[PDB]
Amino acid sequence: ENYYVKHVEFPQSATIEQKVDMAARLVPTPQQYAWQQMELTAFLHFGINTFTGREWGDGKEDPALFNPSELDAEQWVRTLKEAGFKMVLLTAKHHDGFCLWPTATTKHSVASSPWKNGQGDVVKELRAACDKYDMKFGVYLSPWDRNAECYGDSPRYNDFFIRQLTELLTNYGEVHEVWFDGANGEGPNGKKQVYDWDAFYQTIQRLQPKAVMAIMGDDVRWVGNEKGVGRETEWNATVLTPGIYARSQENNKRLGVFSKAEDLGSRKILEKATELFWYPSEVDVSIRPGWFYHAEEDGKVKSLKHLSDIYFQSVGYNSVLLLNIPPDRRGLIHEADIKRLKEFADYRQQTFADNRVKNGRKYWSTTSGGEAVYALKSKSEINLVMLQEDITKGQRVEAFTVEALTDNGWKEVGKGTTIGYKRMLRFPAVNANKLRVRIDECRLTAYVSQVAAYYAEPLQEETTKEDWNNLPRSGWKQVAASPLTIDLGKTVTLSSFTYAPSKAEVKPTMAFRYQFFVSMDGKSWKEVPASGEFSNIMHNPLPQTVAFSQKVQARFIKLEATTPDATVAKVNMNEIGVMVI
């Protein structure tokens, strides 16, 4: 049994059967395998953009603006260690070109900033904190540089880039990941850099034998979006050609593949492929809407439910999750982010504390149609199953089914396609005493190395914060759907009600003409005087607050409405707000 490390070329008139056989035996390097094991890593977007409020800087920023008031990289790393992250990855230089360490290559760095009298080095402080907490360290060094005069004079910039890279990879200990962002906004006009990606790779390999080269790299593949969503069917043995190879643009176009594409490795797409790459997916997403810190987003840190969903759709979908948490203008991770990271870590810890499968590491070799049964611990209730393949021998599983043995027989609890490094399936809780896994389809013989099962507490979405409703709807009860009639849950005095079409979107069924009524007992209804028209709502579906002439006492409210077409409107309780005095 032989394996192809990282790349395999199919012989010129290989049959699909031969391609499948070779594909099944394509395997990660030790560095790629070690990377995969991390699972959960942290991005730190920090730089001059933190101080200007921009997501992308333009290269004209004054270094004087870089001035963190109380920077503490130990606070960053302690927070992230405690939250479960296995590496921290710093934006040493973003597209704006401002360097966070005193590089010999340019004046456009912390050396030209007032921070610590020009004597600072953020990269150094982060490395010292990683040293203290035994945290792995990675660097983001933007290929696109909007400050450097030599950008787009290709050989000069390539040398410049290598000199920056060499500093980062020489003076700051071991580096486990080097991130080369593909983003470039020069556009059809402006500067045209031809990067020497191979020389950059040779530098990395010489200085940092453990490192993987990511994104514009052939070690780690961008998942294809920034929203935190991987693929249910995730082939890390992939036809997608790393962008750093000169042949990539033509070969990817010929196969109809690109980073965001749906299918990057099915047998169907193998048909026109002439080679295959071990090039595994990394899901990058921010804890906030933006990558850099904005105070405006302090109330927009992603909810626990959303972060959990991201986890299940990343780590649970055979990707590594790289979650960004941006330090602020103090040079600290903000309190809101800290609290939410702790919540997320506590949720994962609770969820994975008690594996209910006994003997789940019985290594299982099977071909298509094979089944394996696993006993559960006494009195198990489960709603989460985790599977792994032995990817040291390739990625092989193509379809599978999972069943749980109840008091009243086997119940199907999930179905999937790929497994890979790790695949998790969630389903409604069941009480069961065994689990059965069936490999419906696989390449060659599949090797399942673990099955595990858990009870994950179901999480509720966060309540949307609305400045036009100050009586939480958790206390309301719907009395009637049409006309929408609502018991607010106690007697209040109202200054207004608001009608907010769902998603602020126009629809044929929206309210236009209306009468609003109030009652103390839900039987005797008094009309509240109002214009009776949500004027222009069919061209502007943003919320409309109807300010009352008088303070209005109410226990129950009722909205009678017709649509722009004079039909009966449909209104949901979530589209109504009130302001209590």
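Each answer follows from the model by the rule given with it, or from the source it names; nothing here is a laboratory result. Every residue, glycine as well, gets a Cβ built from its backbone with ideal geometry; the counts of neighbours run over all protein chains shown.
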For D565, all conditions in the list (1) surrounded by fewer than 18 Cβ atoms within 10 Å (Cβ to Cβ); (2) assigned to a loop (DSSP other than H, G, I, E, B); (3) touching a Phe, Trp or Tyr at 6+ places or on another chain (Cβ under 7 Å); (4) in contact (Cβ under 8 Å) with a residue 40 or more places away in the chain hold save one; what is the number of the exception? (3)
Restricting attention to segment 117-138, which residues are among the hydrophobic types (A, V, I, L, M, F, W, C) and under 23 Å from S69 (Cα atoms)? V122, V123, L126, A128, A129, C130
Could you grab me the full set of residues in segment 366-393 that are free of Cβ contacts under 8 Å to residues at least 60 places away in the same chain and either more than 21 Å from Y421 (Cβ to Cβ) or touching a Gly at 6+ places or on another chain (Cβ under 8 Å) (or both)? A375, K377, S378, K379
Out of (1) under 30 Å from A92 (Cβ atoms); (2) loosely packed, with under 15 Cβ neighbours inside 10 Å, what's the single condition that is false for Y279? (2)
For segment 251-276, name all the residues that are of a type in the set (G, A, S) and either surrounded by fewer than 21 Cβ atoms within 10 Å (Cβ to Cβ) or within 30 Å of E462 (Cα to Cα) (or both). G256, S259, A261, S266
Taking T485 as meeting all but one of (1) on the phi > 0 side of the Ramachandran plot; (2) surrounded by 14 or more Cβ atoms within 10 Å (Cβ to Cβ); (3) more than 35 Å from the chain's Cα centre (by Cα), write down the number of the exception. (1)
Could you grab me the full set of residues in segment 449-469 that are out of contact with any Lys or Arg (no Cβ under 9 Å at 6 or more places or on another chain) and crowded, with 16+ Cβ neighbours inside 10 Å? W468, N469
Restricting attention to segment 365-386, which residues are under 26 Å from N2 (Cβ atoms) and either crowded, with 20+ Cβ neighbours inside 10 Å or among the β-branched types (V, I, T) (or both)? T366, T367
Checked against (1) out of contact with any strand residue (DSSP E or B) (no Cβ under 8 Å at 6 or more places or on another chain); (2) within 15 Å of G243 (Cα to Cα); (3) surrounded by fewer than 18 Cβ atoms within 10 Å (Cβ to Cβ), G182 satisfies every condition except (1)
Is one or more of the residues making up segment 470-479 more than 29 Å from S303 (Cβ to Cβ) and either aliphatic (A, V, I, L, M) or surrounded by 13 or more Cβ atoms within 10 Å (Cβ to Cβ) (or both)? yes
Exactly one of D328, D337, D390, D354 is acidic (D, E), under 16 Å from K302 (Cα atoms) and out of contact with any helix residue (DSSP H, G or I) (no Cβ under 6 Å at 6 or more places or on another chain), and that one is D337
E527 touching a residue at least 60 places away in the same chain (Cβ under 8 Å) and among the acidic types (D, E): no
Which condition number does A504 fail, the rest of (1) surrounded by 12 or more Cβ atoms within 10 Å (Cβ to Cβ); (2) touching a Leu at 6+ places or on another chain (Cβ under 6 Å) being met? (1)
Within segment 394-409, is even one residue in a strand (DSSP E or B), in contact (Cβ under 8 Å) with a residue 24 or more places away in the chain, in contact with a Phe, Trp or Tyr (Cβ under 6 Å, 6 or more places away or on another chain) and within 19 Å of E457 (Cα to Cα)? no
So which residues in segment 296-331 are outside any strand (DSSP E or B) and hydroxyl-bearing (S, T, Y), if there are any at all? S303, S308, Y311, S314, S319
Being among the acidic types (D, E) and either closer than 19 Å to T464 by Cβ or outside the structural domain of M38 (by CATH) (or both) is the filter here, so list the residues in segment 290-344 that pass it. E296, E297, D298, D309, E343
Select, from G138, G152, the only residue that is closer than 21 Å to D198 by Cβ, of a type in the set (G, A, S) and crowded, with 22+ Cβ neighbours inside 10 Å. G138
Selection from segment 30-47 of residues crowded, with 18+ Cβ neighbours inside 10 Å and among the polar types (S, T, N, Q) yields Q31, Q32, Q36, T41
